[PDB]
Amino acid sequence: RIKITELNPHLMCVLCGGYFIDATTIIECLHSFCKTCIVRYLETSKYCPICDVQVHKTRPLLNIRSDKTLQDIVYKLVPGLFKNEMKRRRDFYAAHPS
């Protein structure tokens, strides 16, 4: 037994202020973000949003990795989060067919 508010700092993306969705980690410093957050951010910076360390000399996307273990932890610990995110995706696609 643990208070979720005690865990939140370790499960949350600073770029959106919410839980990690598709957690993605900068290999140089190991700070983690949602995939969409960090990809968009690195369009206009090559430095980590948190610690300012250079992600890559020129092509910062080379130096990020999907962090499956971290995301797995997130979805296992945060009640409702995975179901919620899965539903948002279905709802999106039902209103936006291909």
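Start at 1 and count along the sequence shown; that's the residue number.
Trainee: Lowest, middle or highest third of the chain for the C-alpha temperature factor of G17?
Mentor: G17: CA B-factor falls in the middle third of its chain.
Trainee: Would you please rank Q71 by its C-alpha temperature factor against the other modelled residues of its chain and give the third it falls in: lowest, middle or highest?
Mentor: According to the entry, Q71 has a C-alpha B-factor in the chain's lowest third.
Trainee: For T58, does the deposited CA B-factor place it in the lowest, middle or highest third of the chain?
Mentor: Ranked within chain, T58 CA B lands in the highest tercile.
Trainee: Going by what the PDB entry lists, where does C34 fall on CA B-factor within its chain: lowest, middle or highest third?
Mentor: Answer is middle: the recorded C-alpha B-factor places it there.
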